[PDB]
Amino acid sequence: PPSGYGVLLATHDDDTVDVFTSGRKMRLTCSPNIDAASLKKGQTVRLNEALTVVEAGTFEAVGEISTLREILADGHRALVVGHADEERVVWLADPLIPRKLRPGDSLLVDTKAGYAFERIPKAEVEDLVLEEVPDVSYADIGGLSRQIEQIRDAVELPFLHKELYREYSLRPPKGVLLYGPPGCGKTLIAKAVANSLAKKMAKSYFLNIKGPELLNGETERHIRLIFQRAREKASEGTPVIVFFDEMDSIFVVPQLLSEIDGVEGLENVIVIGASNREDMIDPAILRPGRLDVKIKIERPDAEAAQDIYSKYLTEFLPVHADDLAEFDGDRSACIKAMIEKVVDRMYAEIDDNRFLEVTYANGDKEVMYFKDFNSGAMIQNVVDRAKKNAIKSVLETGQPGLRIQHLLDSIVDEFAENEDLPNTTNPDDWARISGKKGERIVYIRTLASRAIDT
Amino acid sequence: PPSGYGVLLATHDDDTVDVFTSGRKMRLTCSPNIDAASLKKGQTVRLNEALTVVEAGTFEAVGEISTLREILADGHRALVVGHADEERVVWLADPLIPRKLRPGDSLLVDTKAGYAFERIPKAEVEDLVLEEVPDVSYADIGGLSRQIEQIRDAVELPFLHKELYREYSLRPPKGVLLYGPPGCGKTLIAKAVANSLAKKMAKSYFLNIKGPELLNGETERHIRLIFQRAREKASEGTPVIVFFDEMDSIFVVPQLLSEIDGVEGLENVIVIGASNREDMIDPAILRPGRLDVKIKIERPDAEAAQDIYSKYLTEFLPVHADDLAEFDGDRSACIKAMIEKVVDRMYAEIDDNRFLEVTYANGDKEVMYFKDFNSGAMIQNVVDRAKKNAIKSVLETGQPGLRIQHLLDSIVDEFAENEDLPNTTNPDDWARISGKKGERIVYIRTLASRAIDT
Amino acid sequence: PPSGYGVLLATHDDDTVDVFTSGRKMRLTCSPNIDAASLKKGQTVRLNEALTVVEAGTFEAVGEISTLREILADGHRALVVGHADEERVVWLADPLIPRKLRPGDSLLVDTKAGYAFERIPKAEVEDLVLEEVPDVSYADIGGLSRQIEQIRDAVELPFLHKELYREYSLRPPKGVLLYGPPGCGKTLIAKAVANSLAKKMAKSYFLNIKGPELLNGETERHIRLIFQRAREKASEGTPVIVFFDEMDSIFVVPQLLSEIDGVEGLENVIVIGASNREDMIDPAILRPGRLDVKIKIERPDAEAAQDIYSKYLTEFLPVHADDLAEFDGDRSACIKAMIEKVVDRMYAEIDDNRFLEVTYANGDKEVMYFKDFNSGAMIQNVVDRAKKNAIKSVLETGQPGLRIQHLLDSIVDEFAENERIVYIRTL
Amino acid sequence: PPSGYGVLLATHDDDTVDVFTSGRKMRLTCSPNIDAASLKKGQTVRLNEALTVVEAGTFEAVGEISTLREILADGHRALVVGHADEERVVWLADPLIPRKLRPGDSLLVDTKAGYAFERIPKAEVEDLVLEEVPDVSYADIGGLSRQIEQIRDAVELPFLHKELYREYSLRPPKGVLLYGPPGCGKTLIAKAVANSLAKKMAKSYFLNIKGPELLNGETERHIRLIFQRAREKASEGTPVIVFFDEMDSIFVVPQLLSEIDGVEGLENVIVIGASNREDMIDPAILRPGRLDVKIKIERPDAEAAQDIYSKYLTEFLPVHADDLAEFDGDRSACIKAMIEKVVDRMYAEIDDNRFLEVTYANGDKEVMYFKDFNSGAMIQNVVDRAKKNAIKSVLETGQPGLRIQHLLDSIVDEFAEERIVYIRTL
Amino acid sequence: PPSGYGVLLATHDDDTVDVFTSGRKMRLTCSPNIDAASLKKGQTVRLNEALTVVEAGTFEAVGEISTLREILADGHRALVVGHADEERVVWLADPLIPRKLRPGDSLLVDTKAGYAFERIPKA
Amino acid sequence: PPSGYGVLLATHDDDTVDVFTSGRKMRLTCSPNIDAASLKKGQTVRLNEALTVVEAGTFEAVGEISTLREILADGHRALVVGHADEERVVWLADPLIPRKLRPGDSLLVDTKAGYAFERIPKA
Ligand SMILES: Nc1ncnc2c1ncn2[C@@H]1O[C@H](COP(=O)(O)OP(=O)(O)O)[C@@H](O)[C@H]1O
Ligand SMILES: [Mg+2]
Ligand SMILES: [Mg+2]
Ligand SMILES: [Mg+2]
């Protein structure tokens, strides 16, 4: 009735079994009751006090853990390492020779028995593969009609009209790379095309990635995971977009290059780029075939000014009754007039708006203005400061609403705030302003005035 | 009788029990007096010299203890990390399978048997970095009304008018960052505004953190516990304020952005920074949604120096009757004239007050007075030193009161000991001086004379 | 009967041998059935209840594994280092004493037995060199009539007619240099010739090397891997073709020169290199055996433009319903006539088509036109932008069929995206 | 008759107890003569080949030591932590359940049977905290008047005039740090200021400490004990001085910072630091609030060196008969003349006075003299060696006194005993 | 007559002795020749298959080396530390309980029986 | 024929040899043919079921290599440091007790038997 246990290590044609038990690898004459085939390399076996097996059973469920490094060329042996970087070679259990082995996983081993019994799974859930539901639509974007229609043609049409591309044998673009001065709104349309796709379903899926998010193991882990998740979410027949913001994190590139060249195995996914620096990106990405379509986003002009302001300056916000009486209580007409006035003033070439003095290679001097270095984020800050001044005035004085003078003060103030604040210069802006004359620059200063690093 | 002791692993239909005993596994037969199902999995049991179970008792209460990492799929196995990162998989205990299992706990185990027995409770002391009564008030800072109003706009206004922002659809900024040369008042403005808003409850918190102690239970876990405490205290509905003094500890920056974006949903939490250096801060922090307003604290000018002197030389200190007779019983005007005299000598552009000579790369030179290298801490260090000189004058003469000559000597002294101290300097000083002159600096000379590195 | 196992130490002439078992070393006799000399030093053996060796077996295949630090001068012992900085002197197995012993190997060791068993080597398996199949032959190559047959003579002919070259005793040009403006089919002709050789074994090793791939130790080990792989690939005698891309980044030079000189002596190796910037090409790479044929690829003329446009404008694409009546259902005639019209539009020397004005030292403002600055990539941009405009048109009107006016508008839209010369200014 | 040994585990009502023996746990019935109540959980017991408890015994006095981490709610188990952080849960011996068990204590435990056996007192002589009455006055210190006045202002003026500082709202400093070249009277200035403040009481303490003593039981315990003793000795209101000579050895630092920040509330405490390397000190210590006042003591100049030589040579100097005639035998002026001539000689820019050479990184070579490498300790050494060599000479000749060349010989031997690219001594 | 070895731990006046051998400490009878005073505390002793101490010799001279931490108040047991930071309380040899014992010394120890032998000199 | 192995530590005038075997230390009688004076110390020797020394074998050639720290003045004791900073005193070898050894050399020792065997040359 009492009985010990052992683990099989080898078998012979003579129906004799090698068993590890009592810390010793003995050879045993198996009982004729059981067969010679159901015995498994790594199978626990009962033993009698006469030291003879009477049963072949299950596999060990508890023991030392290790990480698999290599499967030996023979195929029956695995080279693994332990807790304190102790490394050993073991054999494999029959279940190991319910998923197949992937070198780099974890195994359950008994070092004294020298046998691995089970691939033990360790899983960590990553939030990067989690999709994102975009929030802002094209009604929140202004002064980008040409570029928004370009992105419409280059992104939403292939998903909506795959069959038209098929019958015309036109390969849809695979990589779109936006570029523009910082604060123009690249991210806005980049994450609003996903809303456009979601609304254009007569199930869109977006997955955002940030450079600082993937600038920290190392970063190359998540690229394969996100690409595979996109491949899975695309093979089901649904549109999907992977978005890479701030390509400046890239120049590692070659793995991404290989993956994007393999992306041609898929036909309903586009990687969308975005950057403030065209130069700093690795040009191999920009080579046609991987990232083909380029779209420039421009600093808003005078026309785009009132258009983008109207987006922030809705009729919802309170306005002082004097302004309403100025146009007989017509909110639309009065707000249109005031936004026209403020965009004219901010785009006017008054002495306050004087920003930059250029020192060309031939010494040509021009007094530039903030109206030439404007951006969307500047408009956001301006309207925010206008609202803050208006609410302070309402609190202190009592009358509610908004007035033009608030914006007039905010616009003249905010230039000083952003003067010391960074992103006030860009090499592309210098190149664009110098293209008219064709002369380099070595001296830059503002016009309150501060120097610039050139 | 001489009886052994083992631990049960699992039962069997044949009324046979697997038991770990003598350091190895065996299979035995229980007594007919006991029921096999009555045995509990992973329970101690006694034996007889005939190797037969007679009865079983409670679970072993001592032995090894490991750290719970995860619970396996079927629930009868757990994966636990050892003392020296010695990971092993073990079975569970029947009482362990109300007070359920939670990953991250500890388990009483025996390595050889591989059977957990208990989950001991452990306690951790709270970090005690909590609210402090804000001692400094607005009336204790001089010559910063611009920054006073800026911080009040950014922090004080929102909670007083929570619904007013929703009236104008203004998203309140959360990250308010301070900076400026050392010894200017940044550490005090945060406490002052906390005191103001607390007094504005006619029921508010504050969480000071300094740079050193977060270089010293793990730093990431420390920040995590600070942030969860802040969020759960803000959940009460009252406004709360967080304050990372000396963000030069932050550049493991990554996690911090994650918690800031998490608390972005919260409506009553603020992140407030402080630093003498803007460069060493991680630029990823300086983006909208994260730290928004880059309020700059500047070395006080002549008027602000007069104010901050007036914040110390109050009319409630012993004033010498000699100068008092010059003003006929009015201590206020006497100490006022004291203040103008001392500030005039302090900011005087005389040869004594020459501090630095700035030699630029072009070769030009610029003599610098202490007025441009002043600070807010030096005013403390000179007023208190003058008071100490008054004490020693009283000791050596017996005449009480304070005289102008004390501060007159104190100014030249404070310049004397700090002649070897570049603590008044900051990279922004060189940058702004080069911008003002238009030439990059190459050499530094003070007027003893020293050449601090360029 | 039940029995254990032991590990041999060293034999003795008295029908006995030292053997380690049960955690200690004994001296045991062996059965007369076996010969002690036949037993290998370190061969695992079986025992008995009487504690006597019965027969041999196989060497233990599992245990600890250690980095062989060095081999002792005795020729049968060696010092190895364990995982925990432990250093042990151990014996050596008979198979270990023909892949010789070198420092840094990984050896199988049992600490109790103190015996090395087997040198498990690391498997440095990499795919920095791979075989890739061609995509399209010259059948889709447009406007390169005279640029393909000489390539066929250069590389395709020598393998098929080796006897003629043996009679001539003439070495085929192992390298042909390709250069010109970007987007002129430099890779396309290489792919075409690779496909043609892949259709002429009625068995083709093609290797592609990229400049970024070279930029991936330093470049020496990489390029050595590619060149040696080419060596064993050409060893079999199967025709081998190698390609190199945009060598402007290259020319280190001497190591590449030595490698290509070494591979020059090989018989059936052919390598073709192409690069855009001919001017910055080092003449040293042009030495005999290397690339000696320099073929200039230039911007297409009217007929080459016709051919290349017809290559992408196959009759399998829809044609405007209204314009079908003009050609009476002849879709091919409509397509070719419209291609003629569009090619004339690009090649029209009108104010619209002006590209660049350059003032030389002689005061001439030579007006450049897109007909002088056309390329295959530019043509592809033309055709696919026109096709996208046609898709938008049919979407907004519901009438299928590619219309010429869409191509005409594409022509104007597409051109806003891309004596010694002294002044340059685009028009 | 031979008998083994085991460890008791628990007790049972049926004349049976569990025993750990030979590495395994068993259940055994004790001999009837012994009583179960007598046996204590964890008491070593005597076994036999019959496997029966025959009589009780002592408790184990060997094994491993593990630091207690927590005491469980069961009142019989304490989660202990091993040598290399191998925590275990063990029973507690009855003598451990008078003195009480506390977190952080050291216990004697056996990993084999998991039973704690006793606590271990980890103590020391604790004589480092023994305050020393100062024995050096300001008169023994010379050439440091600039430092004398300011250290006087820093230290005793707040103590003697706490109220006077009070009506001026001036918060007195807490930390005073001293720094300079080695052997510059730092310990002397500390002892002297202690003596001065001791005289100005009409029960102070000078807890003089040395650095390398702290590296030796654990440093944290010493730095805590000294400061609790300072707190209890300052609770009376008498002035207390806490002095850490050679502070450079430290940089634990965070414990010291937290402790001084906590204890600054007490108004009659002053900390004094001395070191040879300002840079090697952790910056947080020098932050205002902790170390308010900083003082530099530099190498003496010619006047200060003359003062020091006057300190070591009073009017009681035995002089040679040769020197008696020239100065009319007036020692009060003869010693002054000798000091003047020696300070003129040693400070002279002789090639024999070269000590170090400096090669600036901009191609400039400059040589340093003896004067920039003169310290009070070096003056002490040269004066003492001149005196002993004068004694040797007058014993080997017969005519007693002191001669000028003796110290000139003493000068050379003791002295013999932009960026910079290369340095050399000469 | 084969014979093993053991190490003394404590003595008893009942003609019996406490000796650690074969990885276990046990009480054994004593041969008539030896005496409690004759046997030396913490000394190697010859054993027998009959499990009885017969001959006590000189102290064994090789083993581990542990740097002494401190000497506990009782004076019979001292705290020493090991190479891997382990610390153990061990009994002292009679020569260690003349050249005095001070903290900071290296002692020859046999941690199996927790007995220190002598203060090894260092160069 | 089935015979064991042991290592010879010390000799006795009583014509009995100290030997370590089976994870312990015992002293045993030798075969009458061999003589203790002829029996040089240190050589591993063959045993029997009767636990009697039968023949004097050769030296050890496989063990643990460790850098010597110091040779003690008495000459038969050597302090040596192992892999994990462990420091222990061991005996010496017949060749070691004529080639010249230096501190810091690599000596082949076996920890339990505490006997050094030979200095392995370095590269
Ligand atoms: N004869 C041709 N027929 C079709 N397409 C061509 C032809 N010549 C050039 N092209 C186009 O120009 C591009 C040439 O690419 P490649 O051969 O790699 O040279 P490059 O690197 O200079 O662009 C291809 O994308 C192809 O579409
Ligand atoms: Mg953006
Ligand atoms: Mg501050
Ligand atoms: Mg090409």
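Residues numbered from 1 in each chain as written, not as in the entry; some residues may be left out. Chains lettered and ligands numbered in written order. Heavy atoms only, no water.

- For this coordinate set, the PDB header names cryo-EM as the determination method and states a resolution of 4.0 Å.

What to know about the overall build of chain C
Item 1. Counting its secondary structure elements, chain C contains 11 helices and 17 strands.
Item 2. Its C-alpha atoms give chain C a radius of gyration of 36 Å, clearly above 22 Å, the size a compact globule of 427 residues would have.
Item 3. In terms of overall dimensions, chain C has C-alpha extents of about 110 × 55 × 50 Å along its principal axes.
Item 4. Split by element, the accessible area of chain C, about 23,000 Å² in all, is 54% carbon and sulfur. (Helix = DSSP H or I, 4+ residues; strand = E, 2+ residues; numbered from the N terminus. Rg over C-alpha atoms; globule rule 2.2 N^0.38 Å. Areas by Shrake-Rupley, 256 points an atom, 1.4 Å probe, with all protein chains shown as cover.)

Regarding the site of ligand 1
Residues and elements named next belong to chain C.
Item 1. As a structural note, the neighbourhood of ligand 1 is formed by 16 residues, with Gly142, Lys186, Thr187, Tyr312 and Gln380 the closest of them.
Item 2. Between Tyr312 and ligand 1, the recorded distance is 2.7 Å, taken from a side-chain N or O atom to a nitrogen atom.
Item 3. One of the side-chain N or O atoms of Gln380 is found 2.6 Å from an oxygen atom in ligand 1.
Item 4. The protein chains hide 78% of the 560 Å² of surface that ligand 1 would expose on its own.
Item 5. For the shell around ligand 1, the class distribution of residues is 7 nonpolar, 7 polar and 2 charged. (Near = heavy atom within 4 Å. Polar contact = N/O pair within 3.5 Å; in protein donor to acceptor, adjacent residues only side chain to side chain. Nonpolar A, V, L, I, M, F, W, Y, C, P; charged D, E, K, R; others polar.)

A short note on the arrangement of the chains
Item 1. Across the 6 pairs of chains that are in contact, the largest number of contacts falls between chains A and C.
Item 2. The least C-alpha distance between chain B and chain F, which are not in contact, is 16 Å. (Contact = heavy atoms within 4.5 Å.)

Focus: the packing of aromatic side chains
Item 1. In total, this model carries 26 aromatic pairs over all chains according to the counting rule given.
Item 2. On the numbers, 3.6 Å between centres and 15° between planes, the contact of C:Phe370 with C:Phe415 is stacked. Of this pair, C:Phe370 sits in the loop between β16 (365-369) and α10 (376-397) while C:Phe415 sits in the loop between α11 (404-413) and β17 (421-426), placing them 45 residues apart in sequence.
Item 3. Taking the centre distance of 5.7 Å and the plane angle of 75° together, the rings of D:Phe355 and D:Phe370 count as edge-to-face. With D:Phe355 in strand β16 (residues 354-360) and D:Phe370 in the loop between β17 (365-369) and α10 (376-397), this pair connects stretches of sequence that are 15 residues apart.
Item 4. Assessed through its relative accessible area of 5%, D:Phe370 is described here as buried.
Item 5. Directly above the ring of C:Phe159 sits C:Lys162, whose terminal nitrogen or CZ lies 5.1 Å from the centroid. (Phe/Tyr/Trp six-rings, centres within 6.5 Å; stacked < 30°, edge-to-face > 60°. Buried < 20%, exposed > 50% of the residue type's maximum accessible area, 1.4 Å probe, protein only. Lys NZ or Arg CZ within 6 Å of the ring centre and 35° of its normal.)

Here we look at the interface of chain F and chain E
Item 1. Each side of the interface is counted separately: chain F has 18 residues, and chain E has 15 residues.
Item 2. Taken together, the two surfaces of chain F and chain E that pack against each other cover about 1,600 Å², and 62% of this comes from carbon and sulfur.
Item 3. Remark: the boundary between chain F and chain E carries 0 salt bridges.
Item 4. As paired strands, strand β7 (residues 63-71) of chain E and strand β8 (residues 87-90) of chain F are joined by 2 bridges and run antiparallel to one another. Paired with E:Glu64 across the bridge in β8(F) is F:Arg88. (Buried area = accessible area lost by both parts, 1.4 Å probe. Salt bridge = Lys/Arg side-chain N within 4 Å of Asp/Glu carboxyl O. Pairing = 2+ DSSP bridges.)

Examining the packing of helix α7 (residues 302-312) of chain C against α10(C)
All names here are of chain C.
Item 1. Look at α7 against α10: their axes get within 10 Å of each other, and the N-to-C directions meet at 50°. In terms of orientation, α7 and α10 fall into the oblique class. For the element pair α7 and α10, the recorded crossing hand is right-handed. In this structure, α7 contributes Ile308, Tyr309 and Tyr312 to the contact, and α10 contributes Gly376, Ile379, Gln380, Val382 and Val383. (Axes fitted to C-alpha atoms, helices over the stretch in contact; angles between N-to-C directions. Parallel < 35°, antiparallel > 145°, perpendicular 65-115°, else oblique. Left-handed = near helix turned anticlockwise from the far one by under 90°.)

A word on helix α10 (residues 376-397) of chain A
Item 1. End to end, α10(A) covers 31 Å across 22 residues, agreeing with the expected 32 Å (1.5 Å per residue, within 8%).
Item 2. Positioned one or two residues after α10(A), A:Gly398 has a phi angle of 120°, which is positive. (Expected span 1.5 Å × (residues − 1).)

Details of the UniProt feature "binding site: ATP" (unreviewed entry) in chain C
All names here are of chain C.
Item 1. Mapped onto the present numbering, the UniProt feature "binding site: ATP" (unreviewed entry) falls on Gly183, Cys184, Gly185, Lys186, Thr187 and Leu188.
Item 2. Mapped onto the secondary structure, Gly183 falls in the loop between β10 (175-179) and α3 (186-198).
Item 3. A relative accessible area of 31% places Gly183 in the partly exposed class.
Item 4. Residue position: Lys186 is located in helix α3.
Item 5. Beyond its immediate sequence surroundings of up to four residues, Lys186 is in contact with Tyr179, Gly180, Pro181, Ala274, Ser275 and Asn276. (UniProt positions renumbered as here; feature names shortened; annotations may be inferred.)

A word on the relation of the copies chain F and chain E
Item 1. Aligned on chain E, chain F shows an RMSD of 0.7 Å; the corresponding rotation is 60° and the shift along the axis is 0.3 Å. Read as a symmetry element, the transformation amounts to a six-fold axis. In terms of C-alpha distance to the rotation axis, chain F has F:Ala84 as its closest residue, with the C-alpha 8.0 Å off the axis. (Least-squares fit on C-alpha atoms.)

Focus on the side chain of A:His83
Item 1. Relative to the elements of secondary structure, A:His83 occurs in the loop between β7 (77-81) and β8 (87-92).
Item 2. The exposure class of A:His83 is buried, given its relative accessible area of 15%.
Item 3. At a separation of 2.6 Å, a polar atom in the side chain of A:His83 contacts the main-chain carbonyl oxygen of B:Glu87.
Item 4. Apart from residues no more than four positions distant in its own chain, A:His83 is found in contact with A:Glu64, A:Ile65, B:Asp85, B:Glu86 and B:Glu87.

Brief notes about the interface of chain C and chain A
Item 1. In this assembly, 30 residues from chain C lie in contact with 33 residues from chain A.
Item 2. Carbon and sulfur atoms supply 58% of the area buried between chain C and chain A, which totals about 3,000 Å² over both sides.
Item 3. When the area that chain C buries against chain A is broken down by residue, the three leading residues are C:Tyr5, C:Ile65 and C:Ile391, summing to 20%.
Item 4. On inspection of chain C and its partner chain A, the count reaches 3 salt bridges.
Item 5. The salt bridge involving A:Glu70 is made with C:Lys122; its shortest N-O contact spans 2.6 Å.
Item 6. Residue assignment for the side of chain C that touches chain A shows that the elements contributing at least two residues are β5 (63-71) and α10 of chain C.
Item 7. For the side of chain C that touches chain A, the element with the highest residue contribution is α10(C), accounting for 7 residues.
Item 8. Of the residues assigned to the side of chain C that touches chain A, the class counts are 15 nonpolar, 7 polar and 8 charged.

Some words on the pattern of salt bridges
If charged atoms from side chains of opposite charge come close, those side chains can pair.
Item 1. Here the structure, examined in full by the defined rule, presents 81 salt bridges over all chains.
Item 2. Its salt-bridge partner being D:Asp322, residue D:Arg403 comes within 2.9 Å of it at the nearest N-O pair. Linking D:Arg403 in the loop between α10 and α11 (404-416) with D:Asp322 in helix α8 (residues 321-326), this pair joins segments that are 81 residues apart in sequence.
Item 3. Linking D:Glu414 and D:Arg385 is a salt bridge whose minimum nitrogen-to-oxygen distance equals 3.5 Å. On the criterion of sequence distance, the pair formed by D:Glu414 in helix α11 and D:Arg385 in helix α10 is long-range, its members being 29 residues apart. Of the two residues examined, D:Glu414 and D:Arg385, each falls in the buried class.
Item 4. In the salt-bridge network here, residues are joined through shared partners; they are A:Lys392, B:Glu149, B:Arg152, B:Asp153 and B:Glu156.

Some points on the UniProt feature "binding site: ATP" (unreviewed entry) in chain D
All names here are of chain D.
Item 1. What UniProt calls "binding site: ATP" (unreviewed entry) maps, in this numbering, to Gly183, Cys184, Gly185, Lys186, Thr187 and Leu188.
Item 2. Mapped onto the elements, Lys186 comes out in helix α3 (residues 186-199).
Item 3. Note on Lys186: relative accessible area 7%, which makes it buried.
Item 4. If we ignore the near neighbours within four places in the chain, the residues touching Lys186 are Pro181, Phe243, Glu246, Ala274 and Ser275.

Some words on the sheet that holds strand β4 (residues 44-46) of chain F
Residue and element names in this part refer to chain F.
Item 1. If you walk across this open sheet you meet the 5 strands as β3-β2-β1-β4-β5, and the pairing is antiparallel. With partners counted over all chains shown, the strands left at the sheet margins are β3 (24-29) and β5 (55-56), one partner each.
Item 2. When strand β1 (residues 5-11) meets β4, the two strands line up antiparallel, connected through 3 bridges. Of the residues in β4, the one forming a bridge with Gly6 is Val45.

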